[PDB]
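Everything on this sheet refers to the single structure shown next.
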Protein chains: 2
Amino acid sequence: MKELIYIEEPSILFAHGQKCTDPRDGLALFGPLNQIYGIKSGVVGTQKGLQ
Amino acid sequence: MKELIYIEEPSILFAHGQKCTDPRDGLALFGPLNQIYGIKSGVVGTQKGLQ
């Protein structure tokens, strides 16, 4: 009766060589893969925009 | 036999608003004025150059 096939869900590699299926959960548990020490930002806009 | 005038040596500021005269000593005792979190390097050259 027109059988359906099932494909599994892929796994994405987080830090420490670990695997998960939801990026939010993997990021919250293990963390990103590479180390950039900081993000120096720049803001263009009105004073209210900076606030 | 004329006359020579003495000019006081200038002072260069450092972190915490401290004053010194030698950049080496001032940097060692107090440190830089701004915070860049890190230096992400990049090397162009032969493998021996990288080593």
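Ordering of the structure tokens sets the chain letters (A, B, ...); residue numbers start at 1 within each chain; ligands are numbered from 1 in the order shown.
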With chain A as the partner and 8 Å as the cut-off, tabulate the residues of chain B that qualify, each row holding the nearest pair of atoms and their distance in Å to one decimal, using only C-alpha atoms, sorted by chain and rising number, as a Markdown table.
| residue | atom | partner | partner_atom | distance |
| --- | --- | --- | --- | --- |
| B:36 | CA | A:40 | CA | 7.8 |
| B:37 | CA | A:38 | CA | 5.5 |
| B:38 | CA | A:37 | CA | 5.6 |
| B:40 | CA | A:36 | CA | 7.7 |
Let's have the selection written as a short mmCIF file (atom, residue, chain, number, x, y, z; two decimals), in the first residue's frame, with N, CA and C atoms.
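Writing the result to out21.cif gives the following:
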data_model
loop_
_atom_site.label_atom_id
_atom_site.label_comp_id
_atom_site.auth_asym_id
_atom_site.auth_seq_id
_atom_site.Cartn_x
_atom_site.Cartn_y
_atom_site.Cartn_z
N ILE B 36 43.02 44.50 23.49
CA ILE B 36 42.72 43.60 22.38
C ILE B 36 42.91 42.19 22.89
N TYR B 37 41.86 41.37 22.80
CA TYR B 37 41.83 40.13 23.55
C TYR B 37 42.92 39.16 23.11
N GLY B 38 43.34 39.22 21.85
CA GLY B 38 44.40 38.33 21.41
C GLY B 38 44.84 38.66 20.00
N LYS B 40 45.54 36.91 16.51
CA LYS B 40 45.36 35.73 15.67
C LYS B 40 46.35 35.81 14.52
#
Residue neighbourhood region 4-18 of chain B, 8 Å, only C-alpha atoms, exclusion window fewer than 3 positions, as a PyMOL selection string: chain B and resi 21-23+26-27+30-33
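For chain B, a DSSP pass over the backbone yields strand (DSSP E) at residues 12, 13, 19 and 20 of chain B.
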For the structure I just gave you, how does DSSP split chain A - specifically, which residues are helix (DSSP H, G or I)? Reply as a PyMOL selection string. chain A and resi 15-17+23-29+47-50
